[PDB]
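These notes are about the structure you will find just below.
Ideal geometry is used to build each Cβ from the backbone, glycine not excepted, and the neighbour counts take in all protein chains shown. Laboratory data are not the source of any read-out in this text; all were calculated from the coordinates shown.
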Amino acid sequence: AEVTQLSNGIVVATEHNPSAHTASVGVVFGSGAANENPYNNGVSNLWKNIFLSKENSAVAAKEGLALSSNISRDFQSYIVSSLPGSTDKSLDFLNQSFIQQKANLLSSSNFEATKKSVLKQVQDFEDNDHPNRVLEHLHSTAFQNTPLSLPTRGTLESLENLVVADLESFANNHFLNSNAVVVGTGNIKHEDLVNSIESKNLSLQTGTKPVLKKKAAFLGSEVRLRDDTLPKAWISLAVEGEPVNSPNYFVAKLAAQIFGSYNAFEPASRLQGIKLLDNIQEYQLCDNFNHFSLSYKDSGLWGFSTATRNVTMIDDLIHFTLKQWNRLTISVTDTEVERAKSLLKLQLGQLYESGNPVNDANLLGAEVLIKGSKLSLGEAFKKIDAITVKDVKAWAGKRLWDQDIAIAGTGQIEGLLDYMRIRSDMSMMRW
Amino acid sequence: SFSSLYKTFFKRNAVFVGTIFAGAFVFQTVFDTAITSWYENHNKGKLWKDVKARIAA
Ligand SMILES: CCCCCCCCCCCO[C@@H]1O[C@H](CO)[C@@H](O[C@H]2O[C@H](CO)[C@@H](O)[C@H](O)[C@H]2O)[C@H](O)[C@H]1O
């Protein structure tokens, strides 16, 4: 009714839904693709993909289980999904996979069939998924020589250099209990799981903490992947944003909300009450964009992302947009702010209140790791609404106005201008 | 130029067009002050003022 949180060594967390047809259990390791290193990159995405190799996934397929997995930057998750009654059928199959079995998934016929498929995997991504590719490199340059930089799915380089002796090197350090959280989502009780958990003995590497690295940092920089053979142009730009559990966590998400997200095709999109939109549409400066305030444990990235078949006029594209961003400091309409608060809520909803347990897991697992607990929607909303204009005019005033940016891109970006232009559009001339 | 002594006045923004013109206005008196002094001194004894001094009629 307010989400449960109790620890007997294994911090056991759950979240009940009485109208759910199914449920899900799993673990979340409080160390992700940003706890790795330059040459072991993709180790966390390698771990995910053995966990779903036909072997272990045929086991749980007779049982009636489905497994879910994802790696982030600050965190890393291993979830299993099934019918709510077969709730022990989950917990046991989890127990087998992470304390019982070890080299049953770590075969020299398994691992050389997973790594020979996480290699094709990260060779369609950087090959044909430019919007994320661009998005990923954006981190690489903004957070260069620092934790967040390492692409979550790992470089094809440090991904052909890795054997099983390396899957473990990360496992036995960062796959602990004092870095994990067990989650219960969907259609199960707190007294169903934490019972079935204290039912099982053993302890893996107790007392052990996972290790640390130099805290992340940010620096104004570019990286440009020109490719004049690609029909469009993809660009992503940002400033040093705000972390998870930062005073302006919501203030910053409200700002993103204002300019928001465009799709020049859906007539619905064309009518949004966004000021910037007035400009961009005249000549069709782009095909779409969208904003964001990506928050991570140590640092953040407020900016936006755009694709465009309009090559001669990208220079305006970036211009109109970064000028709008100036208003946030000097001239944002209050009535804009309300449409923000309003729309944030709708978005922040379909995020948190989707009828899909697997999401409510990672969400829970990550948050109850970093701050300890989760924060309720009513808590969030109570904050969103407190937000004045002055909220947004002092946040932009430090974060946005005349601060270093972080551009990245690919496709026909000859037209995308230089760094002393772009960066300079962070401000406006004053008397 | 020291990051403290600058940022005090101007925090993290440049000079502003009008503050410039203000400084300009001030500088222009402060300068023509100094330089006209240093020059009248450097040429002491030589100036008609210094020569008006001794010479009587
Ligand atoms: C031909 C005769 C020419 C006569 C002499 C000309 C003198 C020009 C003086 C102009 C000063 O103009 C000044 O420029 C600075 C940039 O340095 C501007 O600063 C602006 O961009 C900077 C970044 O560069 C931001 O820090 C700042 O928030 C913004 O206001 C400022 O708005 C303006 O006040």
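Multiplying the residue separation of A:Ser107 and A:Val163 by 0.36 nm and removing their Cα-Cα distance gives an extension gain of 19.1 nm. At 1.002 mPa s and 20 °C, plugging the Kirkwood radius over alpha-carbon pairs of region A:1-202 into Stokes-Einstein gives what diffusion coefficient in µm²/s? D, rounded to a whole number, is 120 µm²/s.
Largest first, the extents of the alpha carbon coordinates of chain A on the three principal axes equal 71, 47, 41 Å. Based on C-alpha pairs under 8 angstrom that are at least 6 apart in sequence, region A:1-202 has a relative contact order of 41 percent.
Among beta bridges from DSSP that stay inside chain A, the antiparallel ones total about 80%. FRET efficiency for the pair A:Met429 and A:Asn356, taken as 1/(1 + (r/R0)^6) with r the Cβ-Cβ distance and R0 = 30 Å, rounds to 0.05. Ranked by the mean number of other Cβ atoms within 10 Å per residue, highest first, peptides A:85-94, B:35-44, A:260-269 order as A:85-94, A:260-269, B:35-44.
Averaged over the residues of B:11-19, the number of partner chain Cβ atoms lying within 10 Å of the residue Cβ comes to 2. Per residue, the convex hull around the alpha carbon atoms of region A:245-299 comes to 92 Å³. Among the chymotrypsin sites (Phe, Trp or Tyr not before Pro) in region A:282-334, those located in a DSSP loop and surrounded by at most 15 other Cβ atoms within 10 Å of their own Cβ are A:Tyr283. Fully extending the segment from A:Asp228 to A:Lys120 would add 36.5 nm, taking 0.36 nm per residue of separation and subtracting the current Cα-Cα distance. On the principal axes of its alpha-carbon atoms, region A:136-258 has extents of 60, 42, 32 Å, going from largest to smallest.
Maximal additional length on extending the A:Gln272-A:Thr388 stretch stands at 39.6 nm, based on 0.36 nm per residue less the C-alpha distance.
Shown here are the Rg and Dmax of the Cα trace of region A:209-431, at 18.2, 57 Å. Of A:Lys48/A:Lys341; A:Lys345/A:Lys398; A:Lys116/A:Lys209; A:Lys189/A:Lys374; A:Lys341/B:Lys7, which pairs sit farther than 29 Å apart, going by alpha carbon to alpha carbon? Result: A:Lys48/A:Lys341; A:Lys116/A:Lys209; A:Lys341/B:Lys7 exceed 29 Å.
Size of chain B from its Cα atoms: along the principal axes, largest to smallest, the extents are 63, 23, 11 Å.
For region A:190-265, the list of trypsin sites (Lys or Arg not before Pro) that fall in a loop by DSSP and count at most 16 other C-beta atoms within 10 angstrom reads A:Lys200, A:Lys213, A:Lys214, A:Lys215. For A:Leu417 and A:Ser199, the FRET efficiency from 1/(1 + (r/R0)^6), where r spans their Cβ atoms and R0 equals 60 Å, is about 0.45.
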